file protein.cif (mmCIF, C-alpha atoms)
data_target
#
loop_
_atom_site.label_atom_id
_atom_site.label_comp_id
_atom_site.auth_asym_id
_atom_site.auth_seq_id
_atom_site.Cartn_x
_atom_site.Cartn_y
_atom_site.Cartn_z
CA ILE A 1 3.75 4.89 -10.16
CA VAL A 2 5.63 4.40 -13.45
CA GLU A 3 3.45 3.78 -16.53
CA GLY A 4 0.10 3.95 -14.80
CA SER A 5 -3.12 5.91 -15.15
CA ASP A 6 -5.14 8.21 -12.93
CA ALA A 7 -7.03 6.45 -10.18
CA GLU A 8 -10.74 6.60 -10.98
CA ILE A 9 -12.72 8.38 -8.26
CA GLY A 10 -13.21 6.17 -5.19
CA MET A 11 -11.34 3.39 -7.01
CA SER A 12 -9.10 2.78 -3.97
CA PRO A 13 -11.03 4.00 -0.88
CA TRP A 14 -8.48 2.25 1.33
CA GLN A 15 -5.42 4.15 0.12
CA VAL A 16 -3.97 6.35 2.88
CA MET A 17 -1.33 9.07 2.40
CA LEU A 18 1.33 9.26 5.13
CA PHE A 19 1.84 12.99 5.79
CA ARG A 20 4.62 14.86 7.61
CA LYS A 21 3.63 17.61 10.06
CA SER A 22 6.53 20.02 9.66
CA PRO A 23 7.64 20.53 7.10
CA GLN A 24 4.33 19.49 5.49
CA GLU A 25 5.03 16.75 2.91
CA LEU A 26 4.27 13.27 1.61
CA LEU A 27 6.23 10.57 3.42
CA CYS A 28 4.59 7.38 2.14
CA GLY A 29 1.39 5.59 1.24
CA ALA A 30 -0.56 3.13 3.41
CA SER A 31 -3.86 1.25 3.65
CA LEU A 32 -6.96 1.46 5.80
CA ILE A 33 -7.84 -1.86 7.45
CA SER A 34 -10.52 -0.66 9.90
CA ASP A 35 -11.62 2.68 11.35
CA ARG A 36 -8.81 2.55 13.95
CA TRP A 37 -5.84 0.95 12.14
CA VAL A 38 -3.72 1.70 9.10
CA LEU A 39 -1.02 -0.53 7.65
CA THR A 40 2.29 0.61 6.10
CA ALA A 41 5.90 -0.45 5.48
CA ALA A 42 8.29 -0.18 8.41
CA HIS A 43 11.14 1.79 6.72
CA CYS A 44 8.65 4.69 6.15
CA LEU A 45 8.79 5.22 9.93
CA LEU A 46 12.22 3.89 10.85
CA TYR A 47 15.41 3.70 8.84
CA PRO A 48 18.69 4.35 10.74
CA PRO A 49 20.70 4.63 7.51
CA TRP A 50 18.94 7.93 6.86
CA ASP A 51 18.48 8.95 10.48
CA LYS A 52 14.76 8.22 10.32
CA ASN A 53 12.83 7.35 13.47
CA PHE A 54 9.52 9.25 13.35
CA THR A 55 7.27 9.58 16.42
CA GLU A 56 3.47 9.55 16.28
CA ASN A 57 3.66 13.22 17.20
CA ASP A 58 5.51 13.93 13.93
CA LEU A 59 2.98 12.99 11.27
CA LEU A 60 -0.69 12.73 10.31
CA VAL A 61 -2.67 10.40 8.02
CA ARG A 62 -4.80 11.70 5.15
CA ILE A 63 -7.54 9.24 4.24
CA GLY A 64 -9.94 9.39 1.31
CA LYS A 65 -7.65 11.53 -0.85
CA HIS A 66 -7.31 11.77 -4.64
CA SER A 67 -5.48 15.02 -5.34
CA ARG A 68 -1.87 14.64 -4.25
CA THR A 69 -1.30 18.23 -3.09
CA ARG A 70 -4.72 19.85 -2.58
CA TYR A 71 -6.56 19.89 0.72
CA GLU A 72 -9.70 18.00 -0.21
CA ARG A 73 -12.27 19.53 2.12
CA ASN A 74 -15.49 17.53 2.66
CA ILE A 75 -13.90 14.40 1.23
CA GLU A 76 -10.53 13.39 2.68
CA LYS A 77 -10.00 12.94 6.40
CA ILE A 78 -6.94 13.67 8.50
CA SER A 79 -6.46 11.60 11.63
CA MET A 80 -3.80 11.69 14.30
CA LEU A 81 -1.60 8.80 15.36
CA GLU A 82 -2.43 7.19 18.68
CA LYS A 83 0.48 4.74 18.72
CA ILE A 84 2.99 3.23 16.28
CA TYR A 85 3.99 -0.44 16.05
CA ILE A 86 6.93 -1.69 13.99
CA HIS A 87 7.54 -5.39 13.54
CA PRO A 88 10.16 -6.43 16.14
CA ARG A 89 12.19 -8.48 13.68
CA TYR A 90 12.26 -5.80 10.99
CA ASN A 91 15.72 -6.05 9.45
CA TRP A 92 16.63 -2.63 8.04
CA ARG A 93 20.34 -3.27 8.38
CA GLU A 94 20.22 -5.80 5.53
CA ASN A 95 17.29 -6.56 3.22
CA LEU A 96 14.30 -4.98 4.94
CA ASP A 97 12.89 -8.40 5.83
CA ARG A 98 9.56 -8.00 7.63
CA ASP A 99 9.08 -4.50 6.27
CA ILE A 100 5.77 -3.80 7.97
CA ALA A 101 4.27 -1.65 10.71
CA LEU A 102 0.91 -0.72 12.15
CA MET A 103 -0.64 2.64 12.97
CA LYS A 104 -3.30 3.05 15.65
CA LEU A 105 -5.50 6.10 14.99
CA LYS A 106 -6.26 8.50 17.84
CA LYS A 107 -9.95 8.17 16.96
CA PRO A 108 -12.06 6.08 14.53
CA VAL A 109 -12.65 7.43 11.03
CA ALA A 110 -16.07 7.53 9.36
CA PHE A 111 -16.27 5.52 6.17
CA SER A 112 -17.77 6.82 2.94
CA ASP A 113 -17.61 6.68 -0.83
CA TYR A 114 -13.97 7.75 -0.50
CA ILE A 115 -13.06 5.91 2.68
CA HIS A 116 -13.42 2.14 3.02
CA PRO A 117 -11.37 -0.75 4.60
CA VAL A 118 -9.62 -3.39 2.53
CA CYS A 119 -9.75 -7.08 3.39
CA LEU A 120 -6.68 -8.94 4.57
CA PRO A 121 -6.37 -12.43 3.10
CA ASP A 122 -6.57 -15.78 4.89
CA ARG A 123 -4.34 -18.83 4.54
CA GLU A 124 -6.78 -20.19 1.97
CA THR A 125 -7.43 -17.01 0.01
CA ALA A 126 -3.73 -16.23 -0.01
CA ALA A 127 -3.12 -19.79 -1.18
CA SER A 128 -5.20 -19.50 -4.36
CA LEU A 129 -4.61 -15.83 -5.22
CA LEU A 130 -0.88 -15.48 -4.63
CA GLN A 131 0.41 -17.14 -7.79
CA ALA A 132 2.83 -16.15 -10.54
CA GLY A 133 1.01 -14.94 -13.63
CA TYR A 134 -1.88 -13.33 -11.74
CA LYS A 135 -2.01 -9.52 -11.78
CA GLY A 136 -2.40 -7.24 -8.77
CA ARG A 137 -2.92 -3.55 -8.26
CA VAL A 138 -0.66 -0.83 -6.85
CA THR A 139 -1.63 2.77 -6.11
CA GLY A 140 0.05 5.96 -5.00
CA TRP A 141 1.15 9.53 -5.50
CA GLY A 142 4.74 8.38 -5.95
CA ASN A 143 7.12 9.44 -8.74
CA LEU A 144 6.35 8.76 -12.42
CA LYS A 145 9.94 7.92 -13.42
CA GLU A 146 13.30 7.63 -11.63
CA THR A 147 14.83 11.12 -11.98
CA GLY A 155 7.76 14.66 -12.47
CA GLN A 156 5.14 13.85 -9.87
CA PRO A 157 1.44 12.86 -10.20
CA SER A 158 -1.24 15.51 -9.74
CA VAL A 159 -3.68 12.71 -9.02
CA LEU A 160 -3.38 9.20 -7.52
CA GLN A 161 -1.89 6.70 -10.01
CA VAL A 162 -2.93 3.11 -10.74
CA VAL A 163 -1.08 0.21 -12.33
CA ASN A 164 -1.71 -3.53 -12.67
CA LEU A 165 1.23 -5.89 -12.42
CA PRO A 166 1.76 -9.64 -12.76
CA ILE A 167 3.39 -11.55 -9.90
CA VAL A 168 6.78 -13.18 -10.57
CA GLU A 169 8.06 -16.70 -9.83
CA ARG A 170 10.30 -17.15 -6.81
CA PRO A 171 13.39 -18.16 -8.91
CA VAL A 172 13.01 -15.30 -11.35
CA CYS A 173 12.72 -12.82 -8.47
CA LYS A 174 15.65 -14.42 -6.72
CA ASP A 175 17.89 -14.11 -9.80
CA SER A 176 17.12 -10.49 -10.60
CA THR A 177 19.12 -9.28 -7.61
CA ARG A 178 22.23 -9.58 -5.46
CA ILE A 179 20.07 -8.67 -2.44
CA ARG A 180 18.83 -11.55 -0.31
CA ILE A 181 15.17 -12.41 -0.81
CA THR A 182 13.22 -13.96 2.08
CA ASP A 183 9.86 -15.73 2.23
CA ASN A 184 8.41 -12.55 3.83
CA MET A 185 8.55 -10.94 0.43
CA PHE A 186 7.61 -11.56 -3.17
CA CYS A 187 8.10 -9.53 -6.34
CA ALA A 188 6.01 -8.40 -9.31
CA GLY A 189 6.45 -6.63 -12.62
CA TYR A 190 6.47 -7.28 -16.35
CA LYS A 191 9.30 -9.35 -17.80
CA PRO A 192 11.95 -7.79 -20.08
CA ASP A 193 10.54 -9.58 -23.09
CA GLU A 194 6.85 -9.73 -22.14
CA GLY A 195 7.59 -6.39 -23.61
CA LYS A 196 5.76 -4.35 -21.02
CA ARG A 197 6.56 -1.65 -18.49
CA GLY A 198 5.16 -0.56 -15.13
CA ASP A 199 6.30 -0.25 -11.51
CA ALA A 200 6.00 1.43 -8.11
CA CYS A 201 8.45 4.22 -7.35
CA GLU A 202 9.50 6.95 -4.85
CA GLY A 203 6.55 7.84 -2.70
CA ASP A 204 4.52 4.70 -3.28
CA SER A 205 6.12 3.17 -0.29
CA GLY A 206 3.84 1.58 2.22
CA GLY A 207 1.47 1.46 -0.78
CA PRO A 208 -1.07 -1.36 -0.99
CA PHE A 209 -0.70 -4.22 -3.49
CA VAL A 210 -4.13 -5.70 -3.95
CA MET A 211 -6.16 -8.29 -5.88
CA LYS A 212 -9.89 -8.97 -6.00
CA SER A 213 -10.99 -12.52 -5.22
CA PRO A 214 -13.12 -13.67 -8.17
CA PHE A 215 -14.95 -15.79 -5.63
CA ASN A 216 -16.46 -13.20 -3.29
CA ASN A 217 -15.68 -10.14 -5.46
CA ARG A 218 -13.89 -8.49 -2.55
CA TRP A 219 -10.48 -6.85 -2.70
CA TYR A 220 -7.64 -8.23 -0.61
CA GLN A 221 -4.31 -6.55 0.12
CA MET A 222 -1.66 -9.16 -0.60
CA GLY A 223 1.46 -7.06 -0.16
CA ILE A 224 3.02 -3.75 0.84
CA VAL A 225 5.13 -1.76 -1.59
CA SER A 226 8.49 -2.45 0.05
CA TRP A 227 11.62 -1.91 -2.06
CA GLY A 228 13.18 -1.77 -5.51
CA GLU A 229 16.40 -1.10 -7.43
CA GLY A 230 15.33 1.87 -9.49
CA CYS A 231 11.89 2.12 -11.05
CA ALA A 232 10.87 -0.17 -13.90
CA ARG A 233 14.37 -1.04 -15.11
CA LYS A 234 14.64 -3.92 -17.55
CA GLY A 235 15.49 -7.18 -15.81
CA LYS A 236 14.62 -5.69 -12.43
CA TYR A 237 11.49 -6.42 -10.37
CA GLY A 238 9.57 -4.64 -7.60
CA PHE A 239 9.38 -6.17 -4.12
CA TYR A 240 6.52 -6.27 -1.64
CA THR A 241 6.00 -7.35 1.97
CA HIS A 242 4.21 -10.72 1.93
CA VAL A 243 1.18 -9.60 3.95
CA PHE A 244 -0.50 -12.89 4.82
CA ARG A 245 2.76 -14.46 6.07
CA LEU A 246 2.88 -11.71 8.70
CA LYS A 247 -0.85 -11.52 9.47
CA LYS A 248 -0.21 -13.61 12.58
CA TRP A 249 1.71 -10.64 14.00
CA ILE A 250 -0.82 -8.06 12.86
CA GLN A 251 -3.59 -9.96 14.64
CA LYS A 252 -1.33 -10.09 17.67
CA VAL A 253 -1.00 -6.32 18.11
CA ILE A 254 -4.51 -5.50 16.97
CA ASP A 255 -6.72 -7.67 19.20
CA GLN A 256 -4.44 -6.87 22.13
CA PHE A 257 -4.08 -3.11 21.89
CA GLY A 258 -7.76 -2.43 21.18
CA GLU A 259 -9.64 -2.78 17.89
CA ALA B 1 -17.48 -8.04 7.00
CA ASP B 2 -17.91 -5.33 4.43
CA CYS B 3 -14.36 -4.76 3.43
CA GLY B 4 -12.87 -4.98 0.07
CA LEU B 5 -16.30 -3.70 -1.05
CA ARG B 6 -16.11 -0.26 -2.69
CA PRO B 7 -19.10 2.13 -2.40
CA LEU B 8 -18.61 3.52 -5.90
CA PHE B 9 -18.22 0.20 -7.69
CA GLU B 10 -19.06 -3.17 -6.14
CA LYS B 11 -21.85 -1.87 -3.91
CA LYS B 12 -23.03 0.22 -6.86
CA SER B 13 -22.73 -2.85 -9.10
CA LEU B 14 -20.08 -1.25 -11.37
CA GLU B 15 -16.47 -2.00 -12.28
CA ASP B 16 -13.44 0.24 -12.81
CA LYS B 17 -11.49 0.91 -15.99
CA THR B 18 -9.15 -2.10 -15.66
CA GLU B 19 -10.25 -4.63 -13.05
CA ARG B 20 -10.96 -6.78 -16.12
CA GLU B 21 -7.28 -7.25 -16.83
CA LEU B 22 -6.81 -8.59 -13.32
CA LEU B 23 -9.69 -11.03 -13.43
CA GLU B 24 -8.29 -12.12 -16.79
CA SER B 25 -4.83 -12.93 -15.45
CA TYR B 26 -6.35 -15.74 -13.36
CA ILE B 27 -8.06 -17.47 -16.28
CA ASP B 28 -4.88 -17.19 -18.34
CA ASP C 1 4.06 22.66 -3.14
CA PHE C 2 1.33 21.06 -0.65
CA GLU C 3 -1.66 23.27 0.09
CA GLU C 4 -1.97 24.24 3.76
CA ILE C 5 -4.08 22.13 5.74
CA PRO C 6 -6.55 23.29 8.67
CA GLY C 7 -4.93 24.92 11.75
CA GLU C 8 -6.94 22.49 13.92
CA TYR C 9 -5.03 19.53 12.27
CA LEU C 10 -1.75 20.37 13.98
#
call {"tool": "encode", "arguments": {"input": "protein.cif", "output": "structure tokens"}}
result
Amino acid sequence: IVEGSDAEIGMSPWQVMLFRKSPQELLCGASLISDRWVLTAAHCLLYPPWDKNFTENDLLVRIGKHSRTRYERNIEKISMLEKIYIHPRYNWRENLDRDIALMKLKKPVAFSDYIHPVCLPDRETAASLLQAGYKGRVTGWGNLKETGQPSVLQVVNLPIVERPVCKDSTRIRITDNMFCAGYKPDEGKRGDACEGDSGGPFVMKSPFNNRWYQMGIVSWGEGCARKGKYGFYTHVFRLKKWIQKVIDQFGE
Amino acid sequence: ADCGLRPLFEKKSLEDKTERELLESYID
Amino acid sequence: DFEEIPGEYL
């Protein structure tokens, strides 16, 4: 996270760190959506361009963490991957359209003050919360600037951007399955996701029921917090029909 | 039916350092 | 850089 602050304790009980077995390291970030499933971006698990095609027997998931590097005994929880599901129409060859994937945990994970599931929006909730101007939240142990690292989870609030504005900040092709956020060049403000925040959750709390909803997945960017450039996220709700498909079918 | 409800804040009837900013972006 | 985690977890 570029230009953030340290996550307050338990502030994001749904944040999940994607960990590599060997060599031990941080691959990406993700979110907890129930004791058995975790959500993340699809290029964190598969990306031919870099010869990436991880198998469940290659990585673990650390839930309820705060310290990036320390093993947080009696707080965080490490679970093993049962099975991995990547959206079938995930286009990595071009613009990472449908950058999303689901992780089925080997065994349920006990909730606590540091581990709790985030809500997924509904057509209605998405309808009234997903609007330019409104701010959302992004969390992770990703880089602080382009090119050190955070010692503790980082938090940042960002305002969503209008379709046109997002469209015109890049040469890359934007699809409806994605939206962008970030402060405008002249709003005179800085902040963004960065290396390692991938899969990260972009959330907002409905002022109606006071609950937090994950509206998007930290998907891709062109640098971190560059003027004129915006950060892109996987439009969660627009793909929830698929999520529900794999979940209710393959156990829940 | 308990989601998006944090044990250390909502359930505890407390807010974090900046959730205000968010809630304020709606109002305008 | 990352502290070792439990043998069991492997």
call {"tool": "interface_residues", "arguments": {"input": "protein.cif", "of": "chain C", "to": "chain A", "cutoff": "8 Å", "atoms": "only C-alpha atoms", "output": "MDAnalysis selection string"}}
result
chainID C and resid 1:5 9:10
call {"tool": "residues_around", "arguments": {"input": "protein.cif", "residues": "region 3-10 of chain B", "least_positions_apart": "6", "cutoff": "6 Å", "atoms": "only C-alpha atoms", "output": "ChimeraX atom specification"}}
result
/A:113,117-119,218-219
call {"tool": "closest_residue", "arguments": {"input": "protein.cif", "among": "A:209, A:237, A:54, A:220", "to": "chain B", "atoms": "all atoms listed in the file"}}
result
A:220
call {"tool": "resolve_selection", "arguments": {"input": "protein.cif", "expression": "the PyMOL selection byres ((chain A) within 9 of (chain B))", "output": "ChimeraX atom specification"}}
result
/A:8-14,33-34,112-120,129,131,133-137,164-166,211-214,217-221
call {"tool": "resolve_selection", "arguments": {"input": "protein.cif", "expression": "the PyMOL selection byres ((chain A and resi 41-51) around 9)", "output": "ChimeraX atom specification"}}
result
/A:18,27-30,39-40,52-55,84-87,90,92-93,96,98-102,205-207,224-226,241
call {"tool": "atom_distance", "arguments": {"input": "protein.cif", "atom1": "CA of residue 108 (chain A)", "atom2": "CA of residue 37 (chain A)"}}
result
8.4 Å
